[PDB]
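**Student:** What follows is my_file16.csv, CSV, C-alpha atoms and all ligand atoms.
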chain,number,residue,atom,x,y,z
A,1,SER,CA,14.0,-1.2,22.7
A,2,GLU,CA,10.8,-0.3,21.0
A,3,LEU,CA,11.1,0.8,17.4
A,4,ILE,CA,10.6,4.5,16.8
A,5,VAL,CA,8.4,5.2,13.7
A,6,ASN,CA,7.7,8.7,12.5
A,7,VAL,CA,4.3,9.3,11.0
A,8,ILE,CA,4.2,12.6,9.2
A,9,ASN,CA,1.1,14.2,7.7
A,10,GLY,CA,1.3,17.2,5.4
A,11,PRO,CA,-1.1,20.0,4.3
A,12,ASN,CA,-4.9,19.4,4.5
A,13,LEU,CA,-4.6,16.5,7.0
A,14,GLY,CA,-5.2,19.0,9.8
A,15,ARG,CA,-8.8,19.1,8.6
A,16,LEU,CA,-9.2,15.3,8.6
A,17,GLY,CA,-12.6,14.3,9.9
A,18,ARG,CA,-13.9,17.8,9.6
A,19,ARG,CA,-13.5,18.4,5.9
A,20,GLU,CA,-15.5,16.1,3.6
A,21,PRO,CA,-16.0,13.3,6.1
A,22,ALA,CA,-18.0,11.4,3.5
A,23,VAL,CA,-14.9,11.2,1.3
A,24,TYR,CA,-11.9,10.9,3.8
A,25,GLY,CA,-13.7,9.6,6.8
A,26,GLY,CA,-15.0,10.9,10.1
A,27,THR,CA,-11.9,10.3,12.1
A,28,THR,CA,-10.1,13.5,13.1
A,29,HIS,CA,-6.4,13.9,13.1
A,30,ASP,CA,-6.3,13.8,16.9
A,31,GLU,CA,-8.2,10.5,16.9
A,32,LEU,CA,-5.9,9.2,14.2
A,33,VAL,CA,-2.8,10.0,16.4
A,34,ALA,CA,-4.3,8.1,19.3
A,35,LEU,CA,-5.3,5.1,17.1
A,36,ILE,CA,-1.8,4.9,15.6
A,37,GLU,CA,-0.1,5.3,19.0
A,38,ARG,CA,-2.2,2.5,20.4
A,39,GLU,CA,-1.7,0.1,17.5
A,40,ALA,CA,2.0,0.8,17.4
A,41,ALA,CA,2.4,0.2,21.1
A,42,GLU,CA,0.6,-3.2,20.6
A,43,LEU,CA,3.3,-4.1,18.0
A,44,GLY,CA,6.2,-2.9,20.1
A,45,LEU,CA,6.6,0.3,18.2
A,46,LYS,CA,6.7,3.9,19.4
A,47,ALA,CA,4.8,6.1,16.9
A,48,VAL,CA,5.6,9.7,16.7
A,49,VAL,CA,2.6,11.1,14.8
A,50,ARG,CA,2.6,14.7,13.6
A,51,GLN,CA,0.9,17.0,11.2
A,52,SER,CA,2.0,20.3,9.7
A,53,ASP,CA,0.9,22.6,6.8
A,54,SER,CA,4.4,23.9,6.6
A,55,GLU,CA,6.8,22.4,4.0
A,56,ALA,CA,9.7,23.6,6.1
A,57,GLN,CA,8.5,21.8,9.2
A,58,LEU,CA,8.0,18.5,7.2
A,59,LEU,CA,11.5,18.8,5.8
A,60,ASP,CA,12.9,19.4,9.3
A,61,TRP,CA,11.2,16.3,10.6
A,62,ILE,CA,12.3,14.2,7.6
A,63,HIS,CA,15.9,15.4,8.1
A,64,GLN,CA,15.9,14.2,11.7
A,65,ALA,CA,14.4,10.8,10.7
A,66,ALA,CA,17.2,10.6,8.1
A,67,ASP,CA,20.0,11.2,10.5
A,68,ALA,CA,18.5,8.9,13.1
A,69,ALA,CA,17.8,6.1,10.6
A,70,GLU,CA,14.2,5.9,11.8
A,71,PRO,CA,11.4,4.7,9.5
A,72,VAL,CA,8.9,7.2,8.2
A,73,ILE,CA,5.3,6.8,7.2
A,74,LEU,CA,4.5,9.9,5.1
A,75,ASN,CA,1.2,11.2,3.8
A,76,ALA,CA,2.3,14.4,2.1
A,77,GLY,CA,-1.3,15.6,1.6
A,78,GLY,CA,-1.4,18.7,-0.5
A,79,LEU,CA,2.4,18.5,-1.2
A,80,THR,CA,2.2,15.1,-2.8
A,81,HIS,CA,2.3,16.3,-6.4
A,82,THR,CA,4.1,19.6,-5.7
A,83,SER,CA,7.0,19.5,-3.3
A,84,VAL,CA,10.3,18.5,-4.9
A,85,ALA,CA,12.0,19.5,-1.7
A,86,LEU,CA,10.1,16.7,0.1
A,87,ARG,CA,11.3,14.2,-2.6
A,88,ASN,CA,14.8,15.4,-2.3
A,89,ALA,CA,14.8,15.2,1.6
A,90,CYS,CA,13.2,11.7,1.5
A,91,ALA,CA,15.8,10.5,-1.0
A,92,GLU,CA,18.3,10.9,2.0
A,93,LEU,CA,16.4,8.5,4.4
A,94,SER,CA,18.3,5.3,5.4
A,95,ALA,CA,15.5,3.3,6.8
A,96,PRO,CA,12.2,2.5,5.1
A,97,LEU,CA,9.8,5.1,3.8
A,98,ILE,CA,6.1,4.1,3.4
A,99,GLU,CA,4.0,6.5,1.5
A,100,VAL,CA,0.3,6.4,2.6
A,101,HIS,CA,-2.8,8.1,1.2
A,102,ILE,CA,-6.3,7.8,2.7
A,103,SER,CA,-8.0,8.1,-0.7
A,104,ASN,CA,-7.0,6.4,-4.0
A,105,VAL,CA,-5.1,9.3,-5.6
A,106,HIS,CA,-5.0,7.3,-8.8
A,107,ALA,CA,-8.7,7.9,-9.4
A,114,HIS,CA,2.0,11.3,-10.2
A,115,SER,CA,3.4,11.5,-6.6
A,116,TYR,CA,7.0,12.7,-6.5
A,117,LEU,CA,7.4,10.3,-3.5
A,118,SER,CA,6.3,7.0,-4.9
A,119,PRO,CA,9.4,6.3,-7.0
A,120,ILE,CA,11.7,6.7,-3.9
A,121,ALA,CA,9.6,5.1,-1.3
A,122,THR,CA,10.1,1.5,-0.1
A,123,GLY,CA,6.4,1.1,-0.8
A,124,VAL,CA,3.0,2.7,-1.0
A,125,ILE,CA,-0.5,2.2,0.4
A,126,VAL,CA,-3.4,4.2,-1.1
A,127,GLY,CA,-7.1,4.1,-0.9
A,128,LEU,CA,-7.4,2.0,2.2
A,129,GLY,CA,-8.6,4.8,4.5
A,130,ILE,CA,-7.0,5.4,7.8
A,131,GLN,CA,-6.3,1.7,8.1
A,132,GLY,CA,-3.5,2.3,5.6
A,133,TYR,CA,-1.4,3.8,8.4
A,134,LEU,CA,-1.9,0.7,10.6
A,135,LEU,CA,-1.0,-1.6,7.7
A,136,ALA,CA,2.2,0.4,7.2
A,137,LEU,CA,3.0,-0.1,10.9
A,138,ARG,CA,2.6,-3.8,10.6
A,139,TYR,CA,5.0,-3.9,7.7
A,140,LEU,CA,7.6,-2.0,9.6
A,141,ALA,CA,7.2,-4.2,12.7
A,142,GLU,CA,8.1,-7.2,10.5
A,143,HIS,CA,10.8,-5.5,8.4
A,144,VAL,CA,12.8,-3.3,10.8
A,145,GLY,CA,14.6,-4.7,13.8
A,146,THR,CA,15.5,-3.4,17.2
B,2,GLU,CA,-18.0,-16.1,6.2
B,3,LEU,CA,-16.4,-13.7,3.6
B,4,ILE,CA,-14.8,-15.3,0.6
B,5,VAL,CA,-11.8,-13.4,-0.7
B,6,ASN,CA,-10.3,-14.1,-4.1
B,7,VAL,CA,-6.6,-13.6,-4.5
B,8,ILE,CA,-5.7,-13.7,-8.2
B,9,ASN,CA,-2.1,-13.8,-9.4
B,10,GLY,CA,-1.2,-13.2,-13.0
B,11,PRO,CA,1.7,-14.1,-15.2
B,12,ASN,CA,5.1,-14.6,-13.6
B,13,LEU,CA,3.8,-15.2,-10.2
B,14,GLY,CA,3.8,-18.9,-10.5
B,15,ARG,CA,7.6,-18.6,-10.6
B,16,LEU,CA,7.7,-16.8,-7.3
B,17,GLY,CA,10.6,-18.1,-5.2
B,18,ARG,CA,12.2,-19.7,-8.2
B,19,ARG,CA,12.8,-16.6,-10.4
B,20,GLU,CA,15.2,-13.9,-9.0
B,21,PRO,CA,14.6,-14.8,-5.4
B,22,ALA,CA,17.0,-12.0,-4.4
B,23,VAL,CA,14.5,-9.5,-5.8
B,24,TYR,CA,11.0,-11.0,-5.3
B,25,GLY,CA,11.8,-13.3,-2.3
B,26,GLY,CA,12.5,-17.0,-1.6
B,27,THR,CA,8.8,-17.8,-0.8
B,28,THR,CA,7.1,-19.9,-3.6
B,29,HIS,CA,3.6,-19.3,-4.9
B,30,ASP,CA,2.6,-22.6,-3.2
B,31,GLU,CA,4.0,-21.3,0.1
B,32,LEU,CA,2.3,-18.0,-0.4
B,33,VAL,CA,-1.1,-19.8,-0.7
B,34,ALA,CA,-0.5,-21.4,2.7
B,35,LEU,CA,0.5,-18.1,4.3
B,36,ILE,CA,-2.6,-16.4,2.9
B,37,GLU,CA,-4.8,-19.4,4.0
B,38,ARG,CA,-3.4,-19.3,7.6
B,39,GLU,CA,-4.0,-15.5,7.8
B,40,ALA,CA,-7.5,-15.8,6.5
B,41,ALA,CA,-8.3,-18.6,9.1
B,42,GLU,CA,-6.9,-16.2,11.8
B,43,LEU,CA,-9.1,-13.3,10.5
B,44,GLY,CA,-12.3,-15.3,10.0
B,45,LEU,CA,-12.3,-15.1,6.2
B,46,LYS,CA,-12.1,-17.8,3.5
B,47,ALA,CA,-9.5,-17.1,0.8
B,48,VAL,CA,-9.3,-18.7,-2.6
B,49,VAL,CA,-5.8,-18.2,-4.2
B,50,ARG,CA,-5.4,-18.8,-7.9
B,51,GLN,CA,-2.6,-18.1,-10.3
B,52,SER,CA,-2.5,-18.3,-14.1
B,53,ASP,CA,-0.2,-17.0,-16.9
B,54,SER,CA,-3.2,-16.8,-19.2
B,55,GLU,CA,-5.0,-13.5,-19.6
B,56,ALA,CA,-8.2,-15.3,-20.7
B,57,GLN,CA,-8.1,-17.4,-17.5
B,58,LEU,CA,-7.7,-14.3,-15.3
B,59,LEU,CA,-10.6,-12.6,-17.1
B,60,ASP,CA,-12.8,-15.7,-16.4
B,61,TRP,CA,-11.9,-15.6,-12.7
B,62,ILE,CA,-12.6,-11.9,-12.4
B,63,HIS,CA,-16.0,-12.2,-14.2
B,64,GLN,CA,-16.8,-15.0,-11.7
B,65,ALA,CA,-15.8,-12.8,-8.8
B,66,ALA,CA,-18.1,-10.1,-10.2
B,67,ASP,CA,-21.0,-12.5,-10.4
B,68,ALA,CA,-20.3,-13.8,-6.9
B,69,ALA,CA,-19.9,-10.3,-5.5
B,70,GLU,CA,-16.7,-11.3,-3.8
B,71,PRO,CA,-13.7,-9.1,-3.0
B,72,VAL,CA,-10.6,-9.5,-5.1
B,73,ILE,CA,-7.0,-9.0,-4.3
B,74,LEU,CA,-5.3,-8.8,-7.7
B,75,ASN,CA,-1.6,-8.9,-8.7
B,76,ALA,CA,-1.8,-8.7,-12.4
B,77,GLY,CA,1.9,-9.7,-12.7
B,78,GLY,CA,3.2,-9.3,-16.3
B,79,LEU,CA,-0.3,-8.0,-17.3
B,80,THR,CA,0.0,-4.9,-15.0
B,81,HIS,CA,1.0,-2.5,-17.7
B,82,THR,CA,-0.5,-4.3,-20.7
B,83,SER,CA,-4.2,-5.4,-20.4
B,84,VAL,CA,-7.0,-3.1,-20.9
B,85,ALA,CA,-9.3,-6.1,-20.9
B,86,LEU,CA,-8.3,-6.9,-17.3
B,87,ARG,CA,-9.2,-3.4,-16.2
B,88,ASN,CA,-12.6,-3.6,-18.0
B,89,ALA,CA,-13.3,-6.8,-16.2
B,90,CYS,CA,-12.3,-5.4,-12.9
B,91,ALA,CA,-14.6,-2.4,-13.5
B,92,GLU,CA,-17.6,-4.7,-13.1
B,93,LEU,CA,-16.6,-5.9,-9.6
B,94,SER,CA,-19.1,-4.6,-7.0
B,95,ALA,CA,-17.1,-5.7,-3.9
B,96,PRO,CA,-13.7,-4.1,-3.1
B,97,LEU,CA,-10.7,-4.6,-5.4
B,98,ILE,CA,-7.2,-4.3,-3.9
B,99,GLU,CA,-4.2,-4.2,-6.2
B,100,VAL,CA,-1.1,-5.7,-4.8
B,101,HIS,CA,2.4,-5.7,-6.2
B,102,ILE,CA,5.4,-7.3,-4.3
B,103,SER,CA,7.9,-4.8,-5.8
B,104,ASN,CA,7.5,-1.0,-5.9
B,105,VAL,CA,6.4,-0.8,-9.5
B,106,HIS,CA,6.8,3.0,-9.4
B,107,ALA,CA,10.6,2.6,-8.7
B,108,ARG,CA,11.5,-0.1,-11.2
B,109,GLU,CA,10.2,0.5,-14.7
B,110,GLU,CA,7.7,3.4,-14.9
B,111,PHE,CA,8.8,5.9,-17.6
B,112,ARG,CA,5.6,6.1,-19.8
B,113,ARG,CA,3.6,3.1,-18.6
B,114,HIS,CA,1.1,3.1,-15.7
B,115,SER,CA,-1.0,0.3,-14.0
B,116,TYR,CA,-4.4,0.1,-15.8
B,117,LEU,CA,-6.0,-1.2,-12.6
B,118,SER,CA,-4.9,1.5,-10.2
B,119,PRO,CA,-7.6,4.2,-11.0
B,120,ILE,CA,-10.5,1.8,-10.5
B,121,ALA,CA,-9.2,-0.2,-7.5
B,122,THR,CA,-10.4,0.5,-4.0
B,123,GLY,CA,-6.8,0.7,-3.1
B,124,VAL,CA,-3.3,-0.3,-3.9
B,125,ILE,CA,-0.4,-1.8,-2.0
B,126,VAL,CA,3.0,-1.9,-3.7
B,127,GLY,CA,6.6,-2.5,-2.6
B,128,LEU,CA,5.8,-4.3,0.7
B,129,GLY,CA,6.7,-7.8,-0.5
B,130,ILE,CA,4.5,-10.8,0.1
B,131,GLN,CA,3.2,-9.2,3.3
B,132,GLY,CA,1.2,-6.9,1.0
B,133,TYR,CA,-1.2,-9.8,0.4
B,134,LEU,CA,-1.7,-10.2,4.2
B,135,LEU,CA,-2.2,-6.5,4.7
B,136,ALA,CA,-4.8,-6.5,2.0
B,137,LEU,CA,-6.6,-9.3,3.8
B,138,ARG,CA,-6.6,-7.4,7.0
B,139,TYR,CA,-8.2,-4.5,5.2
B,140,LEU,CA,-10.9,-6.7,3.9
B,141,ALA,CA,-11.5,-8.4,7.2
B,142,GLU,CA,-12.1,-5.0,8.9
B,143,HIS,CA,-14.2,-3.7,6.1
B,144,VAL,CA,-16.5,-6.7,5.6
A,201,LIG,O1,-4.5,16.2,1.3
A,201,LIG,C1,-4.8,15.2,0.6
A,201,LIG,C2,-4.8,15.4,-0.9
A,201,LIG,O2,-4.3,16.7,-1.3
A,201,LIG,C3,-4.0,14.3,-1.5
A,201,LIG,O3,-4.0,14.5,-2.9
A,201,LIG,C4,-4.6,13.0,-1.1
A,201,LIG,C5,-4.4,12.8,0.4
A,201,LIG,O4,-3.0,12.9,0.7
A,201,LIG,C6,-4.9,11.4,0.9
A,201,LIG,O5,-5.8,10.8,0.2
A,201,LIG,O6,-4.4,11.0,2.0
A,201,LIG,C7,-5.1,13.9,1.2
A,201,LIG,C8,-6.7,13.8,1.2
A,201,LIG,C9,-7.4,14.8,2.1
A,201,LIG,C10,-7.8,16.0,1.6
A,201,LIG,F1,-7.7,16.3,0.3
A,201,LIG,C11,-8.5,16.9,2.4
A,201,LIG,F2,-8.9,18.1,2.0
A,201,LIG,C12,-8.6,16.6,3.8
A,201,LIG,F3,-9.2,17.4,4.6
A,201,LIG,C13,-8.2,15.4,4.2
A,201,LIG,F4,-8.3,15.0,5.5
A,201,LIG,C14,-7.5,14.5,3.4
A,201,LIG,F5,-7.1,13.3,3.9
A,202,LIG,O1,11.6,17.7,15.8
A,202,LIG,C1,11.3,17.0,16.8
A,202,LIG,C2,12.3,16.7,18.0
A,202,LIG,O2,13.6,17.4,17.8
A,202,LIG,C3,11.7,17.1,19.3
A,202,LIG,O3,12.7,16.6,20.3
A,202,LIG,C4,10.4,16.5,19.6
A,202,LIG,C5,9.4,16.9,18.4
A,202,LIG,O4,9.3,18.4,18.4
A,202,LIG,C6,8.0,16.4,18.6
A,202,LIG,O5,7.8,15.5,19.4
A,202,LIG,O6,7.1,17.0,18.0
A,202,LIG,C7,9.9,16.4,17.0
A,202,LIG,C8,10.0,14.9,17.0
A,202,LIG,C9,10.2,14.3,15.6
A,202,LIG,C10,11.4,13.8,15.2
A,202,LIG,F1,12.5,13.8,16.0
A,202,LIG,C11,11.5,13.2,14.0
A,202,LIG,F2,12.7,12.6,13.6
A,202,LIG,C12,10.5,13.1,13.1
A,202,LIG,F3,10.6,12.5,12.0
A,202,LIG,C13,9.3,13.6,13.5
A,202,LIG,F4,8.2,13.5,12.7
A,202,LIG,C14,9.1,14.2,14.8
A,202,LIG,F5,7.9,14.7,15.1
A,203,LIG,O1,5.2,-10.2,-12.5
A,203,LIG,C1,5.5,-9.1,-12.0
A,203,LIG,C2,6.0,-8.0,-12.9
A,203,LIG,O2,5.8,-8.3,-14.3
A,203,LIG,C3,5.3,-6.7,-12.5
A,203,LIG,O3,5.8,-5.6,-13.2
A,203,LIG,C4,5.4,-6.4,-10.9
A,203,LIG,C5,4.9,-7.6,-10.1
A,203,LIG,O4,3.5,-7.7,-10.4
A,203,LIG,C6,5.0,-7.4,-8.6
A,203,LIG,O5,6.0,-6.7,-8.1
A,203,LIG,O6,4.2,-8.0,-7.9
A,203,LIG,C7,5.5,-9.0,-10.5
A,203,LIG,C8,6.9,-9.1,-10.0
A,203,LIG,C9,7.4,-10.6,-10.3
A,203,LIG,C10,8.2,-10.9,-11.4
A,203,LIG,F1,8.5,-9.9,-12.3
A,203,LIG,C11,8.7,-12.2,-11.6
A,203,LIG,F2,9.4,-12.5,-12.6
A,203,LIG,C12,8.4,-13.2,-10.7
A,203,LIG,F3,8.8,-14.4,-10.8
A,203,LIG,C13,7.6,-12.9,-9.6
A,203,LIG,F4,7.3,-13.8,-8.7
A,203,LIG,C14,7.1,-11.6,-9.4
A,203,LIG,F5,6.4,-11.3,-8.3
A,204,LIG,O1,16.6,18.8,-9.0
A,204,LIG,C1,17.5,18.3,-9.7
A,204,LIG,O2,17.5,18.5,-10.9
A,204,LIG,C2,18.6,17.7,-9.1
A,204,LIG,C3,19.8,17.8,-9.8
A,204,LIG,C4,21.0,17.3,-9.4
A,204,LIG,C5,21.0,16.5,-8.2
A,204,LIG,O3,22.2,15.9,-7.8
A,204,LIG,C6,19.9,16.4,-7.5
A,204,LIG,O4,19.9,15.6,-6.4
A,204,LIG,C7,18.6,16.9,-7.9
A,204,LIG,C8,17.5,16.7,-7.0
A,204,LIG,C9,16.9,15.4,-7.1
A,204,LIG,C10,16.9,14.6,-6.0
A,204,LIG,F1,17.5,14.9,-4.9
A,204,LIG,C11,16.3,13.3,-6.0
A,204,LIG,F2,16.3,12.5,-4.9
A,204,LIG,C12,15.7,12.8,-7.2
A,204,LIG,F3,15.1,11.6,-7.2
A,204,LIG,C13,15.7,13.7,-8.3
A,204,LIG,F4,15.1,13.3,-9.4
A,204,LIG,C14,16.3,14.9,-8.2
A,204,LIG,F5,16.2,15.7,-9.4
A,205,CL,CL,-4.8,-3.3,10.8
A,206,CL,CL,0.5,-8.8,8.5
A,207,NA,NA,-5.4,-3.6,18.0
Before anything else, please render the file you have as structure tokens.
Ligand SMILES: O=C1[C@@H](O)[C@H](O)C[C@](O)(C(=O)O)[C@@H]1Cc1c(F)c(F)c(F)c(F)c1F
Ligand SMILES: O=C1[C@@H](O)[C@H](O)C[C@](O)(C(=O)O)[C@@H]1Cc1c(F)c(F)c(F)c(F)c1F
Ligand SMILES: O=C1[C@@H](O)[C@H](O)C[C@](O)(C(=O)O)[C@@H]1Cc1c(F)c(F)c(F)c(F)c1F
Ligand SMILES: O=C(O)c1ccc(O)c(O)c1Cc1c(F)c(F)c(F)c(F)c1F
Ligand SMILES: [Cl-]
Ligand SMILES: [Cl-]
Ligand code: NA
**Tutor:**
Amino acid sequence: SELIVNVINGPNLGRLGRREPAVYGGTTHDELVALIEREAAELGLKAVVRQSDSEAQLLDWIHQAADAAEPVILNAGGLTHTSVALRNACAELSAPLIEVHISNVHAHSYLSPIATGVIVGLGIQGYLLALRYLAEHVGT
Amino acid sequence: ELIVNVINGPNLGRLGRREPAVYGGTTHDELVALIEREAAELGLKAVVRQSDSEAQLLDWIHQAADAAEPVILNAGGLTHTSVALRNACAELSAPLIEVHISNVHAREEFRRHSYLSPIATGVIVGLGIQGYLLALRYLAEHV
């Protein structure tokens, strides 16, 4: 069966493509969802791509990915340097966790120390590169 | 076509020989071939070089700066320890992608941080040797 991958975007990402397109790119979150779904499907993956500004909703999704042993690509957005609850929930995942940021945040994520790996600064392509890693490192 | 420089620092010459259970069984020589194959596939040329010498790495980075070529850099044992390397990289006009095989944020970061991360285009850590191939894909799509 095709590998289910959850792609979770946190606060601010709802404004992707609308807010500061000269910094984070012109692609909207809707277009990002479609691009990720297409590329995942090409790789034999099923991407479940969601955005929320609610910490509670993000935790809720992470908990389901934990129980289901499904990989997660997480861009915590505005919660990246603030939510300990996200860190704590992600610590319970039993499949890979790839943290992704569009911009190079380094120019102290709670998530990075507990993620499998991290991709930052590579734009929206970072999500696609994370998919390609998972396609090669998680089996069906 | 585009020429990409992959530069590997100290320790990376022992890839596949040192702690293969941690960094993988693929040797640096085999990594070169994997990178070369992927660059052929993507329509890029890749030059892959490794040295344990900081001075040698600085020379290669200065040369990439003068040539205006992109750099994929795994500073290896110099990651947390060479300001000079960062200064050299600051003069690169083409993209700079930092790659680490291991997730450096998980293993040994208490005080110390990568010097390169703030000035890199982007960073890939923890994705194993595939991280190099992923960085190549980024470069192919971006010039
Ligand atoms: O929401 C954020 C920032 O709070 C975070 O520090 C970086 C971040 O996670 C990233 O580079 O992916 C993301 C950056 C960011 C924004 F900061 C923002 F305001 C947006 F509208 C947006 F689409 C966007 F991607
Ligand atoms: O929370 C859920 C599921 O319980 C529901 O069946 C679908 C659902 O509401 C949706 O497609 O938006 C959502 C699916 C879902 C998950 F099931 C999940 F494990 C995630 F990690 C996740 F990000 C995600 F979006
Ligand atoms: O040389 C290093 C470490 O000194 C560095 O902290 C991380 C590092 O840059 C990375 O994960 O890519 C690299 C890790 C590492 C090693 F630490 C090492 F001893 C090797 F033989 C090796 F091949 C290797 F990749
Ligand atoms: O918030 C805490 O201090 C804490 C204390 C005791 C615990 O058993 C515990 O799990 C936490 C919360 C916590 C994590 F869940 C976790 F995954 C961490 F990496 C962490 F540092 C942490 F501290
Ligand atoms: Cl890609
Ligand atoms: Cl790949
Ligand atoms: Na495609």
**Student:** Please find the residues of chain A near chain B - the criterion being any atom within 6 Å, counting all atoms listed in the file - and write them as a VMD selection string.
**Tutor:** chain A and resid 104 106 to 107 119 122 to 128 135
**Student:** Ligand NA 207 (chain A): which residues are within 8 Å, counting only C-alpha atoms and all ligand atoms, as a PyMOL selection string?
**Tutor:** chain A and resi 38-39+42
**Student:** Given the selection you just returned, output its residues as a file containing C-alpha atoms, formatted as a tab-separated table (two decimals), in the frame of the given file.
**Tutor:**
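Result file again_5.tsv:
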chain	number	residue	atom	x	y	z
A	38	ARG	CA	-2.20	2.50	20.40
A	39	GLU	CA	-1.70	0.10	17.50
A	42	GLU	CA	0.60	-3.20	20.60
**Student:** Given a cut-off of 8 Å, what residues near ligand LIG 204 (chain A) show up using only C-alpha atoms and all ligand atoms, put as a PDB file with C-alpha atoms, keeping the file's coordinate frame?
**Tutor:**
ATOM      1  CA  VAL A  84      10.300  18.500  -4.900  1.00  0.00           C
ATOM      2  CA  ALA A  85      12.000  19.500  -1.700  1.00  0.00           C
ATOM      3  CA  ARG A  87      11.300  14.200  -2.600  1.00  0.00           C
ATOM      4  CA  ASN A  88      14.800  15.400  -2.300  1.00  0.00           C
ATOM      5  CA  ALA A  89      14.800  15.200   1.600  1.00  0.00           C
ATOM      6  CA  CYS A  90      13.200  11.700   1.500  1.00  0.00           C
ATOM      7  CA  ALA A  91      15.800  10.500  -1.000  1.00  0.00           C
ATOM      8  CA  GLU A  92      18.300  10.900   2.000  1.00  0.00           C
ATOM      9  CA  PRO A 119       9.400   6.300  -7.000  1.00  0.00           C
ATOM     10  CA  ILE A 120      11.700   6.700  -3.900  1.00  0.00           C
TER      11      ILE A 120
END
**Student:** Tell me, in Å to one decimal, how far CA of residue 24 in chain A is from CA of residue 101 in chain A.
**Tutor:**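 Straight-line distance from CA of residue 24 in chain A to CA of residue 101 in chain A works out to 9.9 Å.
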**Student:** List the neighbours of range 65-78 of chain A out to 9 Å using all atoms listed in the file; skip same-chain residues closer than 4 positions along the sequence, and give me the result as number ranges by chain.
**Tutor:** A: 3-13, 53, 58, 60-61, 82-83, 86, 89-90, 92-102, 117, 133, 136-137, 140, 144
**Student:** May I ask which of the residues B:144, B:79, B:23, B:62 is the closest one to residue 11 in chain B, counting only C-alpha atoms?
**Tutor:**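 Using only C-alpha atoms, residue 11 in chain B sits closest to B:79.
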**Student:** List the spatial neighbours of residue 26 in chain B as a PyMOL selection string - criterion: any atom at most 12 Å away, all atoms listed in the file, same-chain residues fewer than 3 positions off excluded.
**Tutor:** chain B and resi 15-23+29-32+129-130
**Student:** Report, as JSON, the centre and edge lengths in Å (one decimal) of the axis-aligned box enclosing every listed atom of range 94-115 of chain A, padded by 6 Å on each side.
**Tutor:**
{"center_x": 4.8, "center_y": 7.0, "center_z": -1.7, "size_x": 39.0, "size_y": 21.0, "size_z": 29.0}
